[PDB]
Structures are given as structure tokens and as C-alpha cells.
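*Asks:* Quick check, what structure comes out for this input:
(11 chains, ligands or ions: 3)
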Amino acid sequence: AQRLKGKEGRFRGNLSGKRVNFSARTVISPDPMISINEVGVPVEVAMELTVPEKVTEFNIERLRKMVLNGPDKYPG
Amino acid sequence: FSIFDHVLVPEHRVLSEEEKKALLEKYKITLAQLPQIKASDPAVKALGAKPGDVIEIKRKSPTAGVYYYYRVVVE
Amino acid sequence: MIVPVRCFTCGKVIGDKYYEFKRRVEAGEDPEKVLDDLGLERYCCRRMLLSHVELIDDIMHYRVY
Amino acid sequence: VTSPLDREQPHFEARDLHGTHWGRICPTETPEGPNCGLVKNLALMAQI
Amino acid sequence: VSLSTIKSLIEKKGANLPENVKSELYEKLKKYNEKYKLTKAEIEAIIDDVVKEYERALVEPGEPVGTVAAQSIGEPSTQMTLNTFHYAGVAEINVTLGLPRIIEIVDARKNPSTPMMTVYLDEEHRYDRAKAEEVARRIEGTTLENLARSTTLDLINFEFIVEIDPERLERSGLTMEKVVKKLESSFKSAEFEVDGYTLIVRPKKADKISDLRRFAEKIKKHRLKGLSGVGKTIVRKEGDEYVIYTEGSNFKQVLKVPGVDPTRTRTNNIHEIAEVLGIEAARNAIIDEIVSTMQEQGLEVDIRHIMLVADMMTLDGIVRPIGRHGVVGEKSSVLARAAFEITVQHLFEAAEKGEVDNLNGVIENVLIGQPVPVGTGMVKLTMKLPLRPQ
Amino acid sequence: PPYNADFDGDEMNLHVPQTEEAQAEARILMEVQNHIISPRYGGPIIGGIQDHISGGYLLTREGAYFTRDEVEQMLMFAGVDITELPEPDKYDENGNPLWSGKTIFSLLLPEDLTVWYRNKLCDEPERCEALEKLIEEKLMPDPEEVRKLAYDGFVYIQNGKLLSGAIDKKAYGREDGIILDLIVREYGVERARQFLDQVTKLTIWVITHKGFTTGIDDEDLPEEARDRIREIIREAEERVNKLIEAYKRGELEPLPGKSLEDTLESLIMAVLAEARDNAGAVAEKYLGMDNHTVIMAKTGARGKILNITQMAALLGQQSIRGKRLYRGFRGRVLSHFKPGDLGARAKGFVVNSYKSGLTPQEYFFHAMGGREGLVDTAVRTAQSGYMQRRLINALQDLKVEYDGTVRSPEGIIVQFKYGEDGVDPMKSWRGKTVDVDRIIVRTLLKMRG
Amino acid sequence: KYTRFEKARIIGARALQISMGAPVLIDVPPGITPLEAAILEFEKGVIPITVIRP
Amino acid sequence: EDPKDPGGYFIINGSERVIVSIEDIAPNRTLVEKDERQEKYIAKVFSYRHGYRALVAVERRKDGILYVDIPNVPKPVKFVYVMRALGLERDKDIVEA
Amino acid sequence: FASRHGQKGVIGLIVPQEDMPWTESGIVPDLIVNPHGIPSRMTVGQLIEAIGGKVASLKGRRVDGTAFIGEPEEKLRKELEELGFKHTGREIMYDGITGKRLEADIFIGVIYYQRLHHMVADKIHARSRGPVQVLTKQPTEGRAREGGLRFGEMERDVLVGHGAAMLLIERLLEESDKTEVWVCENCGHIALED
Amino acid sequence: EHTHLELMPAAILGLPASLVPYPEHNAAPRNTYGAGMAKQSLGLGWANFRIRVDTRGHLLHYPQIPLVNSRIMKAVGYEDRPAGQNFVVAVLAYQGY
RNA sequence: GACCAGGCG
Ligand SMILES: [Mg+2]
Ligand SMILES: [Zn+2]
Ligand SMILES: [Zn+2]
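*Replies:* Numbers count the residues shown, from 1 in each chain, chains lettered A, B, ... in the order given. Ligands and ions are numbered 1, 2, ... in the order given. Please find the structure below.
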């Protein structure tokens, strides 16, 4: 009975909300030199989170260039 | 005095059968979809309507001058 | 811990004139006259000597090898 | 100095300052969250 | 250009507009034409622009409009302020305000903590002070302790003595002897201690040995000279018209008092309004109460968000709360109710009843993981296959 | 503002969508520039804040003038695409050309804009009436006539040229902005974003190099003001002992609401509040517009007049839950007062300013008054969140169908037309279904010119 | 005429289709991510998908 | 050790523990009050003996009869009944006491 | 960074020395604070402390500020006037880039400041894939064990209010536990695979 | 009429709340924030930090004595273990940052 | 993994 009720039960604790995979957290600082629809991202976080992409005929060159840089240079 | 004189009460009216059929067909609904009103309500008591009929309400509102709301009488 | 070598704001070297100031102010002299004699004009440098604590001498008793 | 009351409830009467606190409880040092008022610190002249 | 031309042009080019817009346009066009001369082309272009602006301002189908209204109501409440002056002036009636009032209204409290009424006056007695005062005397219920100057117990003799300020007893409509006259027909046989200023309360139980105050308080709490429930009355002037504020609510009996205007009298109790004037008055009362309470705190919320809540609360013809024993308890989906509160009771009840969940909601589909029907998950699209690069 | 964030230790989360459908949904539905208008009240939520208003006032005030290098540098810094400077407005000594602030600001507005209103800086209303009359009589006045009758209290833009007025919170501030509201509803989101970026950067440059600061001498009143404040406080305190003694000797008709004591308390509180307001009036009067704090407060950038009158005059009466301080010893709040005292200063009144310091009793009273804000902010949020939870769990499933009706999941019709006219509050004109007079005026101006 | 929900759904569907092998109906500068290609196709008005409305 | 260390804490399993002070109520005083849900004039005391805390209350109500509440006794036995349990049965003794 | 008068903040930008303004007496600021933060908080004690600190540094002796017995403000202002500066505490500065003096005198002094232990090097965190809970096969909790952030219920309500259903599907299911189950169509129970 | 004389009104404040110079010129919430925040600053905690074994620790390289201070801090020994430095602060609005 | 205590917005 206790597993199904409360703020840590199976309903309000896991089903309604759950922990996700691709996320980051840090402090914020002002920057008025960027447009309102942009955000600054540290290079440490940008090298950890990844965006899957499918190689096609219009982006094969850039993808092949990126793969050569490996996981330690920034574009990679 | 009739309750329709009060500023908080908009005038009611009972729909005929053909108007009821036309309204029911226009929105493609059955008679269980409309909002309900009790048969012992003072307004329907003044109207003297039996269960099963549909009442048309003319409401004066700030956004729109006149707007029509429909309810079904249930005991 | 120990007296800083250079004033933070302007970089002037003041690290070698703390002991003389302390001795002459403990000898009963006027601190303002002593600071003027030492050559510290801008108060950004006087702030360095006027508000320092020698905390090095009471932490050498603990040795870590 | 801590109070044995429960934190979640409002306790409007208990969290308020008192006239008798003068010289016995610091009037400004207190936590900021729900613990406000229920946790306090002794003054400097206080003697148990 | 004649006004009839403007009326005809409005009635044939913007026939799809709402009535309020259709009247405001005519009023403004007359006002602007009476000081600058206008040609017909400008009128046609203005009507076209108004029609286009109304057309582009409609609601996109599939919009999640309930969540937006709920958030737009909830979020401003976190910045609510409170004053609570508690002024002894009768002009300023002590009434609860702010977030507690919003909680009371939304939760549909059976009886508010500070019931009160606004009583208007008819064409007569409207612009006078003394007539308003005597009408308020008619409304206000008066007990023995109200007019009493002071009292004194006689436990040694097992009796009670009451002394009354004449300025209230003589102006209270009823007089000293009329109290005993009514008590001869009501309650039990009194002691008939009629001595004007001095009244002696010695009920039959208050014999020489015991049982004093068994009925003395009951005699002192006798209901006379006014309606029940009302315990206070206040006279005010708002502009050119006098109005009356009271404590407590007796709407049904209050509507019967002579000289009271019934077309504008109202109360702050929702259930009483629903029982007296029907559900359609309760909806408007809820809307007005919420709007006034939110406005008095300085915040600004659009009406269309309050209208949806008011309509949803009164869907079954009776006002019901928003919560565990209200609207949320009427949802057909078992999981939607179970995830909210008292999960085990709902689950066992559904297991007993053999209930069926159709997964037509939003929360249940989120729990399963299949797409929700709210927004983008509503549209459906088709493709013609034999396509080639042009 | 929409995030309600402040740079004092705050943290934020970042999420990255992975599938192309999610990326498309985020790109089309969740863009920042698509949420300039708030759905709660149909007004701008994203706009200028703090320095973005003070810099604008410094730029567009009366008498502001700039040299060539400053104008070129600010225009390049803002990002405006310009390749030729306009005609100079006035010549300094040695024939140095000078440009006014309004001319520089006009380069950001679209070419066909036209609007007029009154801002917060209106002090004398007898001078805006002439401008309104001139506009009313002739719908397109001669620019020279308008420039001759300019005033900071009346904003007026004609064909993209700022002819009168000064920037304020009503220009492009949150929940009050007018120019931004017009731009977002007549040119598109992209133009609004470009205008916002350019105006913010230009105002930041203006405030950075002209200099803006506040000091301790900003609350220095002359001697006569202090004397008047002292006399006001003296008479206010004197006319309370008479009420106290009157209550002490009967001779006082109680208000019908409660007993005599409550009426006495209400009268005392009313007298004290009126005293504080009267004392603040002279402090407002004797501080000119030249002071930077007054500039920063009267333009809505930060603070309000209450802070000024608390810093430069008496703090005033403190209270808890709407009533005077009564907790403490039997008959007295503190041990330093005689028992059974109802005087003004013996129950919470503070006759000192933050600048002049507080006596220990006033300090204790101030702390007692200040605890209430902390406890209220600690307590209110729980029930506020509970109510929001109930509301969001009750009204979640209501959609809008293709017929315009709102239907519950089972199929019951709740409303036969959303709202009562089918108008989205986010797309409404400040609640109104449509703003008729604005359309009429803009069409007449477009054709009659 | 499209409601923004329909526009987002169409763009997402086309972007998903392109990244799986479907040929592009317009020329695109190299290095462009498939979502940008779908956006360009949509604003050029050559998208073949249509929506059925009750 | 640092000479500035004031002391006054324990060392448990290599960790430093400190005991805070609890702000309890008076240990044997009698406190009176009044609630609005009734006309009860409740006076409650806490009694301490060998670490055992007992709560005892005596109050009146609308009946006018004094009642007593005792731990492990659910029913509020009347005042004269509990007085006569301790002796002094004669009616003069109660009033004299 | 935070003073002792209740003013707190974080470092926004680090500036080279030659870009900072300098007073005409030869002083370069060590810190810059926005004037918009003073009037709302009404911390006059910070200005008092700045004036007192500058006076103390000039005079070569510390200043007593013990509550209700400390040195009064007017005495400090008069002493500052005697020492050669201006009683208002203002000075004249030159712009560090253009090279010409600003139009307004600038308040400047010496203020005690403290560095809190909430450093950014202990708050940065990012996760792509990692260990999961045994019972529910969801990402772990905590920075110390490579956990993931929590997508609470009001975040789901916000996503619903925007109307992005596919975003909800991706965030709540695809990036969390997901599995395939064999279901018996005739009776409704979960089938078994050998 | 008086029966007692106060010793020192400045001593009614607690230990951390006494660090704020001129505490009677500020708003109460700001004084509360400062008093609470004074318990988190970095500085030379204890002289034997090298030998001492702790899970976490901090150390400031060049601590300094405040120029404006209360006389209580000298008596209570705060000057021998300070935390914080003196900055040259200019109140000026910079370019947005 | 669950509890306890203390902090941050
Ligand atoms: Mg913050
Ligand atoms: Zn230096
Ligand atoms: Zn099976």
C-alpha cells in the first residue's frame, strides 16, 4: 500500500515524473551581447552531450571531417 | 416578483421540438452531452417544464453582448 | 600568512617595508607621519600595511613531514 | 537554541518575536527557510 | 454621408462580427464622422481591416486551453499581499480577503467564515438617512443583551436581573411590556416582572434552591425584532444612493422585507444564491466574486480564464467543489483519479465495480507512454506517393 | 522577467532533444520570440529592465546632445546598418556639429509608425492639453509647431520621427510597453526582436559612457525641510495624547463596530499614517529631478517613493497583522516603559530615518515588524502550490475542437464557443476583442497623407 | 491557412523522412542539417504532404 | 591543539558531536487558557518524575461541572469523584481544601 | 562574492587593467557594483562603511563602528573634507577606453568583502549515459554518482500547455526506461517467451 | 523612579550579527542575510589545519583585518582568525555585465 | 537503498 501512495509512491514518484538522460546544470551569468534567442554553453558540456545525426549526401563531408577529430578536439 | 427581474438572472426559454432536433443535429451530439439543470430549480419551476426538454439561455457578457447557452432538464 | 610582495591595485612593491612600519609605530610615532615618510601616497597601498595579520608565526608549530 | 515544534505547520504565534527576548535571544540571526523563528541564537549578555 | 448608409454597410460587410463590436464600430464611426468628413472608401477599408483583424485573432483548434487557464489563475497567487486593517469603523466591514477568500470560493465552502450581504433600497427611502436607519432596524435582529445597559446575577437568590438602556429599548420598535406580552404566548409562563427599567429573570427552574441560569440565558437569548442570523447592521452612502451592509446572511427572508429593493440585493454566500435564484445566478456570483477579489489586490487576470472555471464548476446544475470530493471525483478514468489522491480506495472501488478505462484522457496516456490527444497529437496527414524531384 | 531569474546564485537546467520530430517541435512551437506577449493579460512580458529604462531616459531627455564620434560609435555598437550620418541639429562653439538624442533614437523605429500617449513623468497636465488640441484640430501637424511645444510628459511619434516626450517604462517595459506592443502586432516577431536587440544595446552604450552613479549625498535635505518634518512629527505626536486622555476620561463616542478601545486604536493608526504621508510629501518636494535616485525611482526603473521617504524621513509606525505591537510584558512591550502606557512611541512609532540611525528600542521594534515578511513568504507558498496543483489536476483535459467548442474527454459540451467570442487572450488587444479606435486612426492617417 | 500545430507536424514528418533516404526536392548548400533542409522546403512551398480535416 | 579552541563537544568514532539546547515548557507550573470552540477554561500542567512526563487537565464546560483528565483514563471523571478517591469525603473538606 | 551588509552576487566579467577607469588622483577600482541595487535594499550602512574605510586608510588608524556608540557620520565627513578630498565622497574619473573624463562624479571607497564557499567548480554537472536504478531501471540520483536531473510534474504540465506531444513522448519515455512486452490477445495477460 | 541601569545596549545582538558595522542604519532582512552569510566566508579557520583530518576544508591565502570594525570582535578574538579582504569599490554602471 | 541533520534559489 505504501509503494503506491505519497510523494514518493509509484504514481507521483516515477510514473508522473522521472529522471532523464541528456541534461546539464550550472550557474548563470549575464551576457547582453547575444540575441534574445541564444544561450551560452560551456565547451565542457558541449563536448559531453551529443546529438545523433544521419549521414546523407549533403553532409557527408562535414561528418567525415568531424569523425577524424576524435572525442577530444572540440568539433568531433 | 419574478426572479427574471434580478440582475443576476438571465431570461430562460423553452425550445420547441423542431428547434431541439435542429440543435441536436447541428453539433452532432446526443441528448446526454448537454449541460444539465435540476427539475426543482426556481427558473424551471417558473417555466413549468417537465424533464427531458431543452432550455435556451440568453446571457449578457462583457466579451460578447449576447451569447446562447443550452441546458437539458433532468429530475 | 605573510606580507604580500606587491599592492593588489597598483602593483607597487611594499613587501619589504612592513617591519619598519610596525617597529616605528610600536615605538610611539605618529602612524600618518610614518606612512608619509615611507613614501606611500595613494591610500590603496596604505590599506595593505594598515590591515595585515602575521599568521605565519603561529602555524609553524605544526609540521607534516 | 532550538524549539521542539513541528516545522511544516505555520505556527504564527510561536515564530513571532517577543518583548521578553530583549537581552536573551538575538533578534536578527535566524535561518531563512521553513526553520525561520523556530531556531534562534543566544545573545551575548545571556547567562544560563 | 448619412448614418443609415453606415448602418447598412456594417450589416452587409461585417455580418460575422459579434454584436458588441458591431455596435462599438457604429458608435465610433459616428463620433469620427461628426468632426471629420469621411468618404465611403475609407468606411469600406475600415470595415475590411476590422474584419481581417477579427479573423486573424481566433483560437487555433486543438489548443490546450484548460492548462493555460489553470496556470494563469495559480501563478499570480504566489505574489499575493495582505493588509488586514481590522478597523473598528462600521463603514469598513471586517471581511476576509485575498488568498483565503480565493481558497474559500474555489473549494466551494458550505458557509463562509464572514457571511455578509449588500442590501439596496427602493425608489423611496433611497435618498434619506432616517428612513434607511429605520429600515436597517427592521432588518437587524435584536436580542435582550443588545439593548441591555448592564446585567447582574443573583446566585444567592437564584434569580437574574436585567437593566436596559432606554435609548435602545424605546427605539427598538418593541417596548418593555411587549417583551412580556410575547413571552406570555411563547416559551413558558414567565415571572411577569414588568418594572420598566428593572427586569427580573426568575424562571421556574430557578427556584429557591437550585437550577439558576438553566432558562435565564434562554430568556435573555430570545429571538425578537428582526430576522434570524443577522447580528449587525450598518448604513452607508455611495454617491447619490444609500446602501446597507449587514453581518450574516438571511437572503430568503431578507427579500421579503418591505422597502428593500429585490432587483439588486445580493450576498456573498454561493449556495444560498443557488438555492434561491438558480445555478445561472451562482455562476455570475462566482465570476464577480473572483474578479473583485483578484482586482482588489492589484493583479490583472483576463476574464476568459475565470469563465472556464465557473462553467466547469456548475456543469451538473449544482455548485460543487474543485478537489477530491468534487469535479476530480467525477472523472471516468480510474487512473486519472487514482494518481491524484486516496489511491488505494479508488483502486479497490474500481476493482469491485469492474470499471473500464478507455484511455481518452491526458494523464493516463502519459503514464502508458503513448501520444496524448491534446495538441500536435490531434492532427492527421496524408501523402501522395508517386513523387519525383522536380 | 519570464524566467523570474536574478544573478545572485541561481541555477538552471538544460535539455537536448534527440529525435528530429522533437527538434522540429521545439524549433516551431517553443521559440523565444514567439512568446513576447503574455497569455495571462495580453501584454508584453519580455522587454527592458533596470538600466534599459534609465539609459533611454538619459538619451531622450531634454537638452541631451552628442558629438560626431559618440554618435558613430554608438550606432556601430548597436549594430544599425548606416552608411551616412543625418543633418546636424545645432553647432557648438568652434562650429562643432551636434546631434540630439531624439534624432539618434528615431533611427530604430519603422518608417510608418505613429502613436501618442502620456507617460509617468506627467507633472503639469495643462501643457499636454495644448499638444492634444493641436493634434485633434489638424491630424498631421507641422513638425515645427510640435517641436516648439515639446514636453517630456507627452510622447508623440510621427512617421517614425520622435517629436516629443522621453523614454520611460511605458515605452518598452514589461506589462506597460506600447511601442513594442504595436510592433509585435503590425510587423511580425522578427522585427520586434531586431528592435529589442538594437534598443537594448544602444541604451547600454548610452548609460556606460555618460556616467551613472549614486552616493551618500543623495539624501541630504536642507535645514528648513528637517525643521518642517520635526514640526509635523511633533504635532502628530501631540494630537494623540489628547485622544488618549479623552478615552481616559470617558468623553468619547465609540464607533458602532467594536468597543471603545478598538476605535481609539483605529483613530491613532489613521493619525499616524496621515502624519507619515504628510512628512513624505515635503521630502518629495525638496528633492529635484537632478538627483540620480529620483531619476531612477520616478521612471519605474527601480524602487519607489516609499523608499525615498523612509531613507530621508521617519520610518513610520510598525505593525504585525494590521495591529500595533502588544506582545511582551504585562501592560508594556519592553521593560524600559512604565506599565499601562498607550503613547505613540511606546508601541511602535519610529521617528528616525535610516540615515540618522535608530535608537535601540526603535531597532527592536523594526526587527519585530520585519520578521512578518519572512514568515509570510515562508508560509504562503505551500497553500498557493496546493491550490495550483488542484486546479491543474481538475482542468487538464479540455481541448478546443474544430467546431470551436470545448469538450470534456467523454464528450460533454462545456462551452459552445471558447470564451464567448472565440478570441485567444494572448492575441487580444489587452483583453478587448479588437481595438477599433486604433484601426480607425491608423487607416485615416494612412489614406489622408 | 495551416495552424501552427499542423505546420510543426508536417515539418517534423518531412525532416524525419529526409534523414532516412528520401531525396530532397530542392538544392541545398552543403553541410546543412536535415531539419534546416525541411524548413527550406517548407518556406519554398514545395512540400507534398497534406492534412485531412474533419 | 589550537589554543583558541573553546571546547565543549564530544568525540564519537572520530567525529565531533555537539548537543543543542531544547526549549521545553516549564516543568511543574500551572497554565490557564481558553478556547473558542467551546467555553472550556482549560488549565493544564506537565508533571515530571524520573523522566516521566504526565499531562493533567481540569476544566469546566457549559454544564458548569468541573472535570478532570488523567493519562490512561479515557473518560473525564468528575472533580468531586476524583477528590473523594483521595479521601476527605465530607463536603466541608472539599470546600475547605 | 558577498559583503557583510547583505549584498550578494556572482562575477560577471573579468576586465584587463588598462580598460578600467581611473580616478584623477591615481586610484583604479578593484570592484564595480551596479547603482540600481542600492535604493531598493536601503543599505545606507554600506555607504557609511565605505566613507569610514577610506578615511581610516588615509589617517592610518582604524575606525570604530560599534553599533550605537560608533563614530558619527558627520565627523567622518568633516575629517574627509579636512584630509583634502570632497565631503560627498565623489571623485573625477576618466573613461578607460575613450580616454576622456565622464560627465558625473563617481562615488568610490573601500569596503570589506568576503568570498563564500559556493564555487562554480562544485556545481557543474552533465550526463549522457550512466548507471541506472536496479528496481525501476531509471537513471540514478546525485552529482556524486553520475545521476540525472528530474523532470517533475509541473514540467509535464508546461509541456502540455505548449502542446508538444512528441516532445513529451521523447523526454518522458525515450530518454527513460523503455521495453517491449508480449501480450496475449485472447485473455489479456502478459505472455511468456522462452 | 528607575530601579536598574542597562550595562551595554550593543550587546543584545548575537555573535555573528555583531560583525556588521553600523547595524542600525540597515533594513532588518538585510541584517539577517548578512548575519547568516557571515558563517560561510572563507578564511583561516584554525591554526592546526595541516595536521587536522577533515572531509572538507578551505584556506584563504592572504586574510586581512577589517578597517571598520566593532570593538566586540577584538574582545572575542575574531581579529586573530579573520576571513575576508578589503576592496577598492566604485559604484558605477558598466556595460551591462 | 532507506532514514536523519544542515544549507542554496
Ligand atoms: Mg535568486
Ligand atoms: Zn597601491
Ligand atoms: Zn492468454
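
*Asks:* how about residue G:35, secondary structure?
*Replies:* What DSSP: H, G, I helix; E, B strand; the rest coil gives for residue G:35 is helix.

*Asks:* Point me to the residue of chain H nearest chain I.
*Replies:* Of the residues in chain H, the one nearest chain I is residue H:16, at a distance of 18.9 Å by Cβ to the nearest Cβ. To be clear about C-beta, it is placed using only N, CA and C from the backbone, and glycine gets the same treatment.

*Asks:* Burial check on the residue in chain C that chain D sits nearest to, number of neighbours?
*Replies:* At 23.8 Å from chain D, residue C:53 is the closest residue in chain C, using Cβ to the nearest Cβ. The number of residues packed near residue C:53 is 16, by other Cβ atoms under 10 Å in any protein chain shown.

*Asks:* what does residue D:45 give?
*Replies:* The tally of other residues near residue D:45 (other Cβ under 10 Å) stands at 14.

*Asks:* Could you do residue E:238 as well?
*Replies:* Count around residue E:238 with other Cβ under 10 Å applied: 7.

*Asks:* One more: residue F:127?
*Replies:* Applying other Cβ under 10 Å, we find 15 residues neighbouring residue F:127.

*Asks:* Please give me every residue in contact with it.
*Replies:* F:149, F:151, F:153-154 (Cβ atoms under 8 Å, 6 or more residues apart in numbering or on different chains).

*Asks:* Show me which pair in these is furthest apart.
*Replies:* Between any two of those, the greatest separation by Cβ to Cβ is 11.8 Å, found for F:149 and F:153.

*Asks:* Nearest spatial neighbour of the residue of chain H closest to chain I, chain-adjacent residues omitted?
*Replies:* residue H:9 (5.4 Å; Cβ to Cβ, 6 or more residues apart in numbering or on different chains).

*Asks:* Determine the three-state secondary structure at residue F:421.
*Replies:* The assignment at residue F:421 comes out as coil when based on three-state DSSP.

*Asks:* give me the element whatever residue of chain J ends up closest to ligand 1 is part of.
*Replies:* For chain J, the residue closest to ligand 1 is residue J:33, as judged by Cβ to the ion, at 12.1 Å. Using DSSP states H and E, residue J:33 sits in helix J:28-37.

*Asks:* Now do the helices in the chain.
*Replies:* I went with chain A, as the question did not name one. A:43-46, A:60-68 (DSSP state H).

*Asks:* was after chain J, sorry
*Replies:* J:28-37, J:71-76.

*Asks:* Can you check which of these gets nearest to ligand 2?
*Replies:* Ligand 2 lies closest to helix J:71-76 among the helices of chain J, at 26.3 Å (Cβ to the ion).

*Asks:* Buried ones in that closest one, by neighbour count?
*Replies:* J:72-73 (16 or more other Cβ atoms under 10 Å in any protein chain shown).

*Asks:* got a list of contacts for that helix?
*Replies:* D:44, I:64, I:66, J:10-11, J:15, J:18-19, J:79.

*Asks:* repeat that with 6 Å
*Replies:* I:66, J:18 (Cβ atoms under 6 Å, 6 or more residues apart in numbering or on different chains).

*Asks:* coming back round to it: how close does the residue of chain H closest to chain I get to residue F:88?
*Replies:* 75 Å (Cβ to Cβ, to the nearest Å).

*Asks:* Residue I:82 too?
*Replies:* Relative to residue F:88, and taking Cβ to Cβ, residue I:82 is found at 48 Å.

*Asks:* between the two, who's got more neighbours?
*Replies:* Neighbours around residue I:82 and residue F:88, counted as other Cβ under 10 Å, are more numerous at residue F:88. The numbers are 16 against 11.

*Asks:* Specify the beta-bridge partners of the residue nearest to that one when sequence neighbours are not counted.
*Replies:* Leaving aside its chain neighbours, residue F:88 sits nearest to residue F:97 (3.5 Å; criterion: Cβ to Cβ, 6+ apart). When bridges are called by DSSP bridges, residue F:97 pairs up with residue F:91.

*Asks:* Tell me the residue of chain J that sits nearest chain G?
*Replies:* Counting by Cβ to the nearest Cβ, chain J gets nearest chain G through residue J:96, at 31.2 Å.

*Asks:* Near the nearest residue to that residue once chain neighbours are set aside, how many residues? Count them for me, please.
*Replies:* Distance criterion Cβ to Cβ, 6+ apart; nearest residue to residue J:96, sequence neighbours excluded, is residue A:32 at 3.7 Å. As a burial measure, residue A:32 scores 13 neighbours (other Cβ under 10 Å).

*Asks:* and the gap between the residue in chain J positioned nearest to RNA strand K and residue H:56?
*Replies:* Using Cβ to the nearest atom of the strand, the single residue of chain J nearest to RNA strand K is residue J:36, 5.3 Å away. Using Cβ to Cβ, residue J:36 is found at 41 Å from residue H:56.

*Asks:* what sits against residue E:376?
*Replies:* G:5, G:9, I:165.

*Asks:* And the first one, which helix or strand is it part of?
*Replies:* Okay, so that is residue G:5. Residue G:5 belongs to helix G:4-18, assigned by DSSP H and E.

*Asks:* right, quick check: that helix against chain A, any contact?
*Replies:* No: shown here: helix G:4-18 not in contact with chain A (Cβ under 6 Å from any Cβ of the partner chain), separated by at least 7.3 Å.

*Asks:* In CSV, list the C-alpha atoms belonging to that helix.
*Replies:* Extracted in CSV, the C-alpha atoms of helix G:4-18 (Å, rounded to 0.1, in the frame of the first residue of the first chain):
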residue,chain,number,x,y,z
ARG,G,4,0.9,26.1,-36.3
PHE,G,5,0.4,22.6,-34.9
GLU,G,6,-0.1,21.3,-38.4
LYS,G,7,3.0,23.2,-39.7
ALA,G,8,5.1,21.7,-36.9
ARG,G,9,3.8,18.2,-37.5
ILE,G,10,4.4,18.5,-41.3
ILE,G,11,7.9,19.9,-40.8
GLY,G,12,8.8,17.1,-38.4
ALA,G,13,7.5,14.4,-40.7
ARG,G,14,9.4,15.7,-43.7
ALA,G,15,12.6,16.1,-41.6
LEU,G,16,12.3,12.5,-40.4
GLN,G,17,11.7,11.4,-44.0
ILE,G,18,14.7,13.1,-45.4
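
*Asks:* now the strands for chain B?
*Replies:* With strands called from DSSP state E, chain B shows them at B:12-14, B:36-38, B:54-59, B:67-74.
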